[PDB]
Amino acid sequence: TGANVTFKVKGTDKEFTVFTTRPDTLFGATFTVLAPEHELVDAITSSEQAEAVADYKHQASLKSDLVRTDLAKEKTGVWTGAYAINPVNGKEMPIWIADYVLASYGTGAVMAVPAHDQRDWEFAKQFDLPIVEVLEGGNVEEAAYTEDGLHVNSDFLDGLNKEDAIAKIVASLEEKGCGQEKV
Ligand SMILES: Nc1ncnc2c1ncn2[C@@H]1O[C@@H](COP(=O)(O)O)[C@@H]2O[B@-]3(OCc4ccc([C@H](O)c5ccccc5)cc43)O[C@H]21
């Protein structure tokens, strides 16, 4: 039981969809990550970033799934040169490629929530990216908080728990056709 969320690419007519198990953390998504092998990558990569993106894709194709999803391995990646638009508030989120996202699982794209996902937190720490708390109970600057808590910094989701918030955001994204529940 997860959800699909669709993001527009700024300044283009392109879109991608991510698979998320925590659509309730949408207001804490500070960047997005595509698998280096994702089909959209070449289309949205800027000319300044083209060669670095090509180099990283080659490096990534030489690593197995197991090696890539290994928690202990240093996070790596490169900015595509593009930005995604958060449907709930129009906020820009830089689009990165990174090998800890796998092409074959879900859609091959994620929304990164460094405050509440360990791998995303490690990436943000490696690359000096913003970390935004959306569930209280932890100290997200020092460690990802992966448990239940009341929602904050999340507009209409404020004060709800995981169950209630997921139900509300999913129902709200469906209304707009920016997302739906998915198995
Ligand atoms: N292709 C992909 N490669 C790597 N990671 C991917 C991926 N596609 C989706 N993801 C990330 O993992 C899925 C779910 O994994 P699962 O099916 O094993 O439960 C995630 O949904 B996530 O979207 C935003 C989010 C916030 C917080 C978490 C966090 O780890 C969490 C998740 C559940 C309970 C408590 C904490 C996970 C995600 O990151 C995605």
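Values reported hereafter were calculated over all heavy atoms of this structure, with side chains retained and with hydrogens, waters and symmetry mates removed. For this chain, numbers begin at 1 and follow the sequence in order.
With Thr30 contributing its side chain and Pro130 its backbone, the two residues share a donor-acceptor pair below 3.5 Å. Using a distance-only test at 3.5 Å, with no hydrogens or angles considered, a donor-acceptor pair links the side chain of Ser154 to the main chain of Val152. Distance alone, capped at 3.5 Å, is enough to place a donor-acceptor pair between the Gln49 side chain and the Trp79 backbone. No donor-acceptor distance shorter than 3.5 angstrom exists from the side chain of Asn4 to the backbone of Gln180, with no hydrogens or angles considered. With hydrogens and angles disregarded, a donor-acceptor distance shorter than 3.5 Å links the side chain of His116 to the backbone of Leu135. Looking only at distances, a side-chain donor or acceptor of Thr25 sits under 3.5 Å from a matching main-chain atom of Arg22. A donor-acceptor contact shorter than 3.5 Å links the side chain of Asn86 to the backbone of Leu26. Judged by distance alone, the side chain of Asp117 and the main-chain N or O of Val113 form no donor-acceptor pair under 3.5 Å.
Side-chain contact check for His151 versus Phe27: every heavy-atom pair is 4.5 Å or farther apart. Looking only at side-chain heavy atoms (C-beta outward), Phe31 and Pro114 come within less than 4.5 Å of each other. Here the side chains of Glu174 and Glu181 are in contact, with some heavy-atom distance below 4.5 Å. Side-chain contact between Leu34 and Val101: absent, with no pair of heavy atoms (C-beta onward) separated by less than 4.5 Å.
Between atom OG of residue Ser172 and atom CZ of residue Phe156 there is a gap of 4.0 Å, rounded to the nearest 0.5 Å. Rounded to the nearest 0.5 angstrom, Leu129 CG and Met93 CE are separated by 13.0 Å. Separation of atoms CD1 (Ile166) and CG (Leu160) is listed at 11.5 Å; rounding is to 0.5 Å. Rounded to the nearest 0.5 angstrom, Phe7 CZ and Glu15 CD are separated by 11.5 Å. Taking CZ from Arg119 and CG from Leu71, the interatomic distance works out to 4.0 Å, rounded to the nearest 0.5 Å.
When all heavy atoms are compared, the tightest approach of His38 to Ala109 is CD2-CB, 4.1 Å. Taking both residues in full, the closest heavy atoms of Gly159 and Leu150 are given as O-CD2, 3.9 Å, listed atom of the first, atom of the second, then distance. In terms of heavy-atom proximity, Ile131 sits nearest to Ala124 at CG1-CB, 4.2 Å. In this structure, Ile85 and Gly90 approach most closely via the heavy-atom pair CG2-CA, 3.8 Å. Residues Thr32 and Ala84 come closest through the heavy atom pair OG1-CB, 3.8 Å.
Residues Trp121 and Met111 do not share a hydrophobic cluster, defined by chaining ILVMFWY side chains whose heavy atoms lie under 4.5 Å apart. No continuous path of hydrophobic side-chain contacts links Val110 to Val134 [ILVMFWY only; heavy atoms under 4.5 Å]. Both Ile95 and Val41 belong to a single network of hydrophobic side chains, linked directly or stepwise wherever heavy atoms of I, L, V, M, F, W or Y lie under 4.5 Å apart. Hydrophobic clustering (ILVMFWY, side-chain heavy atoms < 4.5 Å, transitive): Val33 and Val5 are in distinct clusters.
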*Could you check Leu40 against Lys14 for side chain to side chain contact (heavy atoms under 4.5 Å, CB included), going step by step and ending with a plain yes or no?*
CA-CA 8 Å; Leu40 190 63; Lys14 309 303 193 79; 3.9 Å; yes

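For the salt bridge (charged side-chain N to carboxylate O under 4.0 Å, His left out) condition, the pairs that include at least one residue of residues 128-144, sequence neighbours left out, are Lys125-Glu141. A ring-ring contact (aromatic ring centres under 6.0 Å, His included) check over residues 160-183, counting only residues at least two apart or in different chains, returns nothing. Identified under the side-chain hydrogen bond (donor to acceptor under 3.5 Å, both in side chains) test for residues 56-74, with sequence neighbours left out: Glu37-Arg68, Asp42-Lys57, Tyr56-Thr76, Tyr56-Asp99, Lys63-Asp99.
For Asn161, the side chain to side chain contact (heavy atoms under 4.5 Å, CB included) partners two or more places apart in sequence, or in a different chain, are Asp148, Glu163, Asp164. Contacts of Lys162 classified as side-chain hydrogen bond (donor to acceptor under 3.5 Å, both in side chains), with partners at least two apart in sequence or in another chain: none. The salt bridge (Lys or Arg N to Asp or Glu O under 4.0 Å) check on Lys168 picks up nothing, with sequence neighbours excluded.
Figure legend: cation-pi geometry between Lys75 and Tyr100, with NZ or CZ positioned under 6.0 Å from the six-membered ring centre and within 45° of its axis.
Aromatic rings from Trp96 and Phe123 are positioned such that their centres are separated by under 6.0 Å.
By the 30° and 60° cut-offs, the orientation of the rings of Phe19 relative to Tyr105 is perpendicular.
Counted by atom type alone, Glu122 and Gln126 present zero donor-acceptor pairs between their side chains at under 3.5 Å. No side-chain donor from either of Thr17 and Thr107 sits under 3.5 Å from a side-chain acceptor of the other.
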